[PDB]
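Asker: Structure for the following, please:
(chains A, B, C, D and E, ligands or ions: 1)
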Amino acid sequence: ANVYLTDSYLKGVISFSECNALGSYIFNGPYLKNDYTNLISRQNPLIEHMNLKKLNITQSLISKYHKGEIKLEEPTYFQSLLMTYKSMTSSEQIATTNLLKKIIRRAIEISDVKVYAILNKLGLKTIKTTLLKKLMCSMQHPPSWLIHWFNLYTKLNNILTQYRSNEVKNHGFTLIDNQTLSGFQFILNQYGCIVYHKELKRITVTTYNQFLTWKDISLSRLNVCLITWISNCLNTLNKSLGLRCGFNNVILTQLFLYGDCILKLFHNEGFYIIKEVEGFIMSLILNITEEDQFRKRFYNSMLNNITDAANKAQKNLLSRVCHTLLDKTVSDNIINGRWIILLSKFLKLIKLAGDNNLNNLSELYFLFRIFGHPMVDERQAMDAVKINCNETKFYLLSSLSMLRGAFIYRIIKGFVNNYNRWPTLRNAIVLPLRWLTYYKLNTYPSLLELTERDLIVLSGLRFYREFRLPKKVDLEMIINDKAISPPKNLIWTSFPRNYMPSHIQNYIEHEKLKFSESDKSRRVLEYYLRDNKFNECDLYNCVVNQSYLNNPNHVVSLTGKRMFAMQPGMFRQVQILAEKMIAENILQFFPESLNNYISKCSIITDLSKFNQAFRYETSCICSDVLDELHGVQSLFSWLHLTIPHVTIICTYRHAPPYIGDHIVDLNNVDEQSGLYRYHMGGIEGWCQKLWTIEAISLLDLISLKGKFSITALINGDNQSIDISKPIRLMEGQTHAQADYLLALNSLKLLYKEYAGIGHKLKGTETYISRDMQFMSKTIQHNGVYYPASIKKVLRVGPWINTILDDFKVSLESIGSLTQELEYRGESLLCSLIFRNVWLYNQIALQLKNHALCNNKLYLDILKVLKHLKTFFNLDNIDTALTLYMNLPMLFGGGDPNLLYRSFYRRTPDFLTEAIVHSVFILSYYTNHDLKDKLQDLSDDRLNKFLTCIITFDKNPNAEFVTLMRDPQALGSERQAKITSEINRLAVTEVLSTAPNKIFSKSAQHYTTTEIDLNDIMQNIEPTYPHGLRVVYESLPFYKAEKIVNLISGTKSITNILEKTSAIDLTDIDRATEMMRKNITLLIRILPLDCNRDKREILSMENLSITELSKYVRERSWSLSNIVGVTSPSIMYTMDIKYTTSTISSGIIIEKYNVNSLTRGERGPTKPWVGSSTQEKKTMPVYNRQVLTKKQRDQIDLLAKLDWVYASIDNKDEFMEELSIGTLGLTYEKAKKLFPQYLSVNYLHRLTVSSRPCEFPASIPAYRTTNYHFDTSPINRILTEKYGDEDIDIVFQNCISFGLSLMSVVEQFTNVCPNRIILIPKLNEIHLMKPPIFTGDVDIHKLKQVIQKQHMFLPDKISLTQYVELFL
Amino acid sequence: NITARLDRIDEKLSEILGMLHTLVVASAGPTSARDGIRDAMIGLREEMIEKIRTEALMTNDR
Amino acid sequence: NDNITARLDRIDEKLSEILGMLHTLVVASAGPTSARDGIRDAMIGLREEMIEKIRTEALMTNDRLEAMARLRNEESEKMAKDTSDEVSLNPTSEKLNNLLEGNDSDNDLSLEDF
Amino acid sequence: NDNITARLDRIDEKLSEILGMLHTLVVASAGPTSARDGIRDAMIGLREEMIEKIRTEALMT
Amino acid sequence: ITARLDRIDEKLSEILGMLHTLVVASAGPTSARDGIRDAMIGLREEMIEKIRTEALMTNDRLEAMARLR
Ligand SMILES: COc1cc(C(=O)NC[C@](O)(c2cc(C(C)(C)O)c(F)c(-c3ccc(F)cc3)n2)C(F)(F)F)cc2cc(C)nnc12
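Answerer: Residues are numbered from 1 along each chain as shown, chains lettered A, B, ... in the order given. The protein structure is shown below:
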């Protein structure tokens, strides 16, 4: 009564242990490694494995193996063979070639619609566009390499598609085939993948994920080849149309093939060699941007890194396949050291591809995904770190003291700067005198006047509580969709029953009876949903009484997903809280956590293995300060005080430890590979923020000792340290030398100081540069950004990033991903064509092979296309599809990337943009000139469309809550439904039965709460959806909703508490109908009768789209007046001129860069980031630190309501109920905390999650520096018309649009215009003044919402908390 | 000059206090937690004390 | 009356000796016992005492030689190389660089024979 | 004078803190079961003492 | 009595003695350990009194705020 839908893309990892377990069983001997995994899988095999082994085909292959007819290989061997699959028949070559030609042709025919509209709208003027006719001529004959990768992808995709379809239909189904991919016989199961190559007499065994990976590899390589091809074709026509990079696909295929050769010679470990190639590329880049001393140093280090890795790979490979069935698969080229020849060739190819061009070199970063992923040896990874974590460290006390001092120094500096005061000290007496003066005066010395002695002195300080912990748990931070390690005693439940000793199996059954359902959940969400003893203060209480220390249930579980660590909920909650408290209260003090010559250099450090180097003595010396600041002990030191006392175990399903007889207690299990104790902290991902701020404190100590300035930035697991030191330049010394010497002197100090805290750095982890930043994987040279855009779209394909193969979601995903080629790659047309290729495949080719819906969705799109054919009087279905894929998804169309996104990133009004988009798209068919005002043509296709948009049967339903949830929602079934809305009922139906009362109570009242909430602002006339949003956010139902929205995004909602991975049919059917209804939405929106034949088709004469949009929104909700949402489409309202007008009357954008092309160059002007004007408000003076973040946010929300709804005639009762309900304070008291807004008009200032805070141009920031804008001419015209009152057109978008389109023009013309003038359509621009919110608020219903969802309220402000605010 | 000498003395004592306090904090490691003496070494903080006050003021109904 | 001055000098000497020890004091991290059956505390002793424990392998550490050189505030050979003015190539890297320099197709590699 | 006295008074409290920390370190550095249990039990008694003092103050009225 | 500073000398002697006592503790095993833990002052009571003093000082601040309710 359920189905199992498997992944179509790799989402997890390729388990070494799984592959080994399966292969070892099948061939009755060690496969990838001789360890416990291969021993146990043979002794007591899994059913899933037995099923594969017992197949008649498998038995035949096994016999051939044992008879010595065929040889066993590692999957990497096959990866190469698959990727080199050239065994295509003429019919295969023709069929695939014709398919590819068709897809390319269609993608261009599709892009033609937008390109036409854009060129027409700009005025730059089956295919109408001259540009694309030329392109089609070039792309009518795909290269053999593209076909090669396309074919392979297609075949692997077909293999998986057949499997996935059949698995849904028949659980346990195994796909056995040898026809789809000639020469290769596959046996596919979600529990394994056996591949046999007949002609070569070779067999390999891997897992499902490896198969997915092979497909993902062919797809990634396909996308690289495809993008490259498109880019090259575009660049051939016009150097500005394609990507900045330019690759020879011949080199790219050789790189791919050589990389596979490396993986073929170096089995699994060969990935180490590939990994180090990043250094090679970085070196090639540095060889361009750096000075001789800096580039030489890096280069040599880089080569050593690669060769050392290669030698390591050889050592590990040879030692691994020593006693395994793969001992005879080692190439003589490894033994003879010939692999170095293969390597030199591979690297040369990379250098050739780079072609000393930073544009190519940055893009080549795709090479680290293009080869797939290594099999993860979970046990080896465990052992690899064990050695660093059982290690004893030694420190000088002065080292530790100075570091603690530096930490405190920063805390004090932070407090003095942020709260205008020192932290309270419980031992101020430790300070000498100079420091007492600083304390008394609430000041601090700069580092330049600070000494090491002083840091030691500061290290002696102790504090009184300055901050507060939340008393109630924020379920948003705690509830997630991840797995949770079971309690220590139930750790064995993580392994297959057959892999456990009989004593363990019996003990598991006995132990389960001693644990709660929340303990046995194995999942985070379920952990909490099943907790029938849960209360809001459990975490607070546990923290205060340190219930997590010496806790017998504590265990650390590792899985391959870089060795993801899990611990039982109790501990997870503490780990999360400690990080959250740092994030909200502490990081505010660490903003970077987010002579005749001054020498400068930069030290770039990989901190990924830094975590392992931390010890209680080095980290908790600082975390103890945080403990004091929060008045809590052991909260921020929880890790080092707990981890050493627990066993660290690899819990991957197929990687069990060997357990001695009668040993049940994990802590009494013999240490072994993949299992050990006494891990002295350093668990990656835990206490990450703590370690980050500790690193900063160390850097301050370094800058002090080295007598130089540090401007550091830390991001994730790496940091960039910019060092500046004024020196007396020596005779004969140049700047480059001074900088190099600085780097060396500073590097030596840095290494010493890090070593001084137990962290040993390596030349493999740390490197130096002069003045260039390559941090965050963004290459910037001389201020110019050199993107790696291809890397971001490698995985674009049919059912990408979607659940249950949700069609609309995958379209949006393709849209979003391919957008990167335009936003970073700076190629509108390349992104468009590439996008259309995959959207086409997704809708036209793959839609008919849906895993769950078969061809139902396809049949529905056909109905839509037939419908469109009739509605728009089109010639055929192919045309109907061409149109469909260009229509807004908002209207049930297939276009995930509205045209406005090509010019600016954010809009406050999607409806208006969707309408304009459709107008622009339809002009393709109606031949309407977009350079003119809309006028009635003999072709009424557009008027029919617009008529259908505005004319419809009104059907409002729960309009206020819908707007609260989504202020831009339309209602009356005029928009596609989303999973969040469709599944919300299913979620509440499940939650209402949860053991955990907090959730079940909320869920049970969910419907009534929604109703009460709807009928809350229903009496306010000038409805302001963003105002409603604030009201909503200020209420506890908001948090309740977030939990529901979290859950609603999963699969098999109805089986959440059923402890199964199976997908309920109920969910399959609901999702099916959901998708079908959304596909046919376009039919419902555009009826053939125009919603009434007695309704004259809308005339466009003097028609304002802005007004139309407003009307539609109001009609759809049956509201008299909706304000603050409707906004003119800048793309529609601005008429673009490329000349000097008699009167400017518009925005003038000028090119300051002297060159005809600006792409790839930085100019003299400041970068444009949109930047919405902030809120102008007076902040009341009080001790903010007395409040938690959550209650401060609540105060800020109420202040916003006080601001916006100041005009409601029930304001006082409204604010009083809210204040008492959510804070506990009276309005008069709360008002003293509320920011006082000095801004009269909130309509363009109010900050809500529903409104963009920035309106950036659809262009790299560096590229905006080449342009200057002048909005004066237009400001004057607008001032004279609106009398200095606000208007509904966004200022930032007006500018952003101009900047982006100037780039777009360059792309299409190969000439960047000297100036662009944007002349607005004044009839599209309306006065936007703040409304008078007449009408009252339903206080009764307000109270009801607060009460019903009381369990989601934030901490209230107690009298003891309130009084402290004003001391 | 007596005050000047005392100030140098005071600074050295401050430096000593710094070193020793860091030492105390570093010393109160995982093993101090194991034996239940970490709080003794570091000191009690407000929230632990508030819990104590709460218990003290509510041992029964008072 | 120079008796007060003399007393203050004695005070300074004691403070100097106390600081002398503290600035020459080394803290060993808490860690696993030999034959790992528990965790020893973060023993604290003087620089020389900790160095001898490292030298004689009384405490379990990996980079025995570096830990000693570091606590002695001396520059080790490894540190000198890692932070050298010029980075040398490993023999394998020398060969690779020799192959990389000179695109004369000297690789002479046959992939078809793999 | 008063400036000298004030400095001497501050020195005395610093010395007290130094000895306090050293007592903590010297006592903690001794980790037999008896010493450690003695410390833990003393802390239990400490909690109880604070409770009784707090209860007492709460009964002034 | 300016010469009262002799009390500092007295305390510094104890302080240095305690510092020595602390560091020599690591020399116990295999060398200066005839039984388990040799004779030392062992005045945990002083540690406890410092804890009591500090904990109550903190308690006084907490009450000082409760007093405002
Ligand atoms: C941040 O979010 C928003 C901003 C704006 C916005 O920026 N409105 C323009 C503004 O009111 C103005 C006044 C004058 C007046 C008439 C007062 O002079 C102007 F002229 C101009 C102006 C125009 C274009 C141009 F090229 C130069 C100037 N802009 C502004 F004040 F907010 F900017 C409108 C929104 C509408 C909605 C529905 N949601 N969010 C909005």
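
Asker: Please report the distance of the closest residue to residue A:198 other than its chain neighbours from the ligand.
Answerer: Of all residues beyond its chain neighbours, the one nearest residue A:198 is residue A:183 (6.2 Å), with distances taken as Cβ to Cβ, 6 or more residues apart in numbering or on different chains. The C-beta positions use only the backbone N, C-alpha and C, and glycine is treated the same way. The spacing between residue A:183 and the ligand, counted by Cβ to the nearest ligand atom, to the nearest Å, is 61 Å.

Asker: So if we follow the domain assignment, how does chain A break up?
Answerer: Following automatic domain parsing, one finds the domains of chain A at A:244-375, A:397-458, A:475-755, A:1130-1173+A:1251-1324.

Asker: remind me, longest helix of chain B?
Answerer: Of all segments of type helix in chain B, defined using DSSP state H, the longest is helix B:2-27.

Asker: So which elements touch that helix?
Answerer: If you count contacts as 3 or more Cβ pairs under 8 Å, 6 or more residues apart in numbering or on different chains; DSSP states H and E, helix B:2-27 packs onto helix A:397-419, helix A:452-458, helix A:616-629, helix B:38-42, helix C:3-22, strand C:25-28, helix D:2-29.

Asker: My guess is residue A:1137 contacts residue A:1317. True?
Answerer: Yes - counting by Cβ atoms under 8 Å, a contact exists between residue A:1137 and residue A:1317, whose distance comes to 4.4 Å.

Asker: what do these two both touch?
Answerer: residue A:1146 (Cβ atoms under 8 Å, 6 or more residues apart in numbering or on different chains).

Asker: With neighbour numbers in mind, choose between those two.
Answerer: Higher neighbour count among residue A:1137 and residue A:1317: residue A:1317, with 24 against 19, using other Cβ atoms under 10 Å in any protein chain shown.

Asker: can you tell me which residues contact residue A:34?
Answerer: Residues in contact with residue A:34, defined by Cβ under 8 Å, 6+ apart, are A:322-324.

Asker: Report the secondary structure element holding residue A:649.
Answerer: Residue A:649 is located in strand A:648-650, with elements delineated by DSSP states H and E.

Asker: what about the helix or strand just after that strand, near chain B?
Answerer: Remark: after strand A:648-650, the chain's next helix or strand is strand A:675-676, criterion DSSP H and E. No - against chain B, strand A:675-676 shows no contacts by Cβ under 8 Å from any Cβ of the partner chain, the least distance being 15.9 Å.

Asker: Is strand A:675-676 positioned near chain C?
Answerer: No - contact check for strand A:675-676 against chain C, using Cβ under 8 Å from any Cβ: none in range, with a minimum separation of 8.5 Å.

Asker: that older thread, other SSEs contacting the strand holding residue A:649?
Answerer: Contacts of strand A:648-650 with other secondary structure elements, assessed using 3+ Cβ pairs under 8 Å, 6+ apart, are made with helix A:378-389, strand A:556-559, strand A:675-676.

Asker: Mean neighbour count, the ones you listed: which tops it?
Answerer: Compared across these, strand A:675-676 shows the largest average neighbour count, a mean of 24 (mean count of other Cβ atoms under 10 Å in any protein chain shown).

Asker: Mind giving me the packing neighbours of that strand?
Answerer: Using 3+ Cβ pairs under 8 Å, 6+ apart as the contact test, the elements touching strand A:675-676 are helix A:378-389, strand A:648-650.

Asker: Same list (the ones you listed) but as CSV, adding distance to residue B:22.
Answerer: Supplementary listing: the helices and strands packed on strand A:675-676 in CSV, determined by distance: least, Cβ to Cβ, whole Å:
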stretch, distance to residue B:22
helix A:378-389, 23
strand A:648-650, 29
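
Asker: Tell me which of these lies nearest to residue A:1091.
Answerer: In terms of Cβ to Cβ, the element of the helices and strands packed on strand A:675-676 nearest to residue A:1091 is helix A:378-389, at 61.0 Å.

Asker: just how off-centre is that closest one within its chain?
Answerer: 29 Å (Cα atoms, centre = their mean, to the nearest Å).

Asker: do stretch B:39-46 as well
Answerer: Using Cα atoms, centre = their mean, the offset of stretch B:39-46 from its chain centre is 6 Å.

Asker: is chain A contacted by that stretch?
Answerer: Yes - using Cβ under 8 Å from any Cβ, stretch B:39-46 reaches chain A at B:39, B:42-46.

Asker: Isn't the residue nearest to residue A:198 up against residue A:202?
Answerer: No - taking Cβ under 8 Å as the contact criterion, residue A:183 and residue A:202 are not neighbours in contact, 10.4 Å apart.

Asker: so which residue of the stretch 1051-1200 of chain A comes closest to chain D?
Answerer: Across the stretch 1051-1200 of chain A, the shortest distance to chain D (Cβ to the nearest Cβ) belongs to residue A:1186, at 23.1 Å.

Asker: how close does the closest residue to that residue other than its chain neighbours get to residue A:1225?
Answerer: Of all residues not flanking residue A:1186 in the chain, residue A:1364 sits nearest, at 4.6 Å (Cβ to Cβ, 6+ apart). Counting by Cβ to Cβ, to the nearest Å, the gap between residue A:1364 and residue A:1225 amounts to 13 Å.

Asker: okay, these two: which has more neighbours?
Answerer: residue A:1225 (22 against 18).

Asker: and stretch A:499-506, how far from the chain's centre?
Answerer: Taking the mean C-alpha point of stretch A:499-506 and that of its whole chain, the gap between them comes to 41 Å (Cα atoms, centre = their mean).
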